[PDB]
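The structure under discussion appears below in the form of structure tokens.
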Amino acid sequence: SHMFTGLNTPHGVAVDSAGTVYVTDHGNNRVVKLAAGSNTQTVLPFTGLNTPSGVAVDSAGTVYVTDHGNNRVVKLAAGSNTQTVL
Amino acid sequence: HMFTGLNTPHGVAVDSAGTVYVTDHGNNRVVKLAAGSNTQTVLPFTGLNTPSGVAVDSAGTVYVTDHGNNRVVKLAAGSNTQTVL
Amino acid sequence: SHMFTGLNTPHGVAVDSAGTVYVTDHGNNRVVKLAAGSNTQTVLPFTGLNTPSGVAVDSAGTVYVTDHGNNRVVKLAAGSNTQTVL
Ligand SMILES: [Co+2]
């Protein structure tokens, strides 16, 4: 048959001009960043995510997330605390 | 919304100008949105099946994993005709 | 299939300053790259991958890949090919 198929939602990783690494985390519905040096994982203040699939970071440090399960793209303008929906 | 009509987005990339590129997996297409734009453009890729990853180089060429077709395609800036890698 | 070959359900793509294209060849548990105007794909020396997904590359040529679904991020250091878990 193959009556049931499903796709695995993608996992994203991105690295900014300074080597800081940004990762989607499906199980905790969050996006985290890891500055190399400090042994600290920062949870970024995105909200209400459902299975973030992709992350990118522009020159200005702005972070963008494909929020797969909510059919949208969210961003966090660098040192803004409020998420915009694109 | 400002991106409009997305279904199950798989991937996002951002170019040096802050233009945002998105794989719209559920609709088999790739869309883009300039930094702080109202309007979105659909890129002229063709015959995609569940596009997934997207990247953009410093020349503005857009690369996409055509996950359902096991291939990678690319589109030069302002081109209408993709190349398969 | 022109120059990439034998891909199965690929996920992430990334491109470096040299225009080298990196593809997470998800279905084959490997990461492949294609140098500008080369006709030969290179399988990077990651080991122990399983359903990898996202891929990024920094200016230094370090490659990061999401791996074992949600479990981890693997970093391949340029030159040494030392693999570390982020
Ligand atoms: Co989807």
Side-chain angles (χ1 to χ4, degrees), chain A residues 2 4-44 46 49-70 73-76 78, chain C residues 7-33 44-86:
Chain A
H2 327 293
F4 177 85
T5 92
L7 301 199
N8 296 303
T9 306
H11 296 83
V13 65
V15 182
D16 60 13
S17 48
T20 286
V21 180
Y22 304 76
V23 199
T24 63
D25 172 355
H26 291 190
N28 295 303
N29 281 309
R30 62 188 191 179
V31 182
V32 304
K33 69 177 175 197
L34 310 147
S38 78
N39 287 305
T40 305
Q41 189 180 228
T42 303
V43 185
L44 284 47
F46 294 104
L49 302 176
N50 191 330
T51 325
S53 58
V55 60
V57 68
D58 71 8
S59 280
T62 292
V63 189
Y64 310 79
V65 179
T66 43
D67 187 5
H68 175 272
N70 289 325
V73 189
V74 299
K75 73 164 187 194
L76 214 46
Chain C
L7 306 176
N8 179 259
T9 54
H11 276 216
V13 61
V15 56
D16 66 26
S17 298
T20 300
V21 181
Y22 301 85
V23 178
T24 309
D25 184 17
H26 157 98
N28 291 322
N29 296 324
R30 74 192 180 157
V31 186
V32 297
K33 62 170 187 168
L44 284 61
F46 289 100
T47 61
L49 301 185
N50 189 262
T51 56
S53 187
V55 63
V57 58
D58 66 16
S59 185
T62 309
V63 184
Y64 311 80
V65 69
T66 71
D67 186 56
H68 273 83
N70 218 66
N71 283 153
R72 67 184 192 167
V73 178
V74 181
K75 189 173 72 143
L76 192 63
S80 64
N81 293 326
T82 291
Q83 186 177 302
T84 48
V85 175
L86 198 61

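Every chain is numbered from 1, with letters handed out A, B, ... down the list of sequences.
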> Between atom CG of C/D58 and atom OG1 of A/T20, what is the distance when rounded to the nearest 0.5 Å?
Replying inline: 11.0 Å
>> For the interface with chain A, which of C/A14, C/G69, C/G12 has the highest count of heavy-atom pairs at distances below 4.5 Å?
In response: C/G69
> So which part of C/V57 gets closer than 4.5 Å to some heavy atom of chain A, the side chain, the backbone, both or neither?
Replying inline: neither
> Quick one: are C/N70 and A/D25 in side-chain contact, heavy atoms under 4.5 Å?
Replying inline: yes
>> To the nearest 0.5 Å, what is the distance between NE2 on C/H26 and NE2 on A/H11?
In response: 9.5 Å
> Which one of C/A56, C/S53, C/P52 has the most heavy-atom pairs closer than 4.5 Å to chain A?
Replying inline: C/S53
> If we only count heavy atoms from C-beta on, is the A/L34 to C/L86 side-chain gap below 4.5 Å?
Replying inline: yes
> Hey, which of A/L7, A/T24, A/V21, A/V13 has the most heavy atom pairs under 4.5 Å with chain C?
Replying inline: A/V13
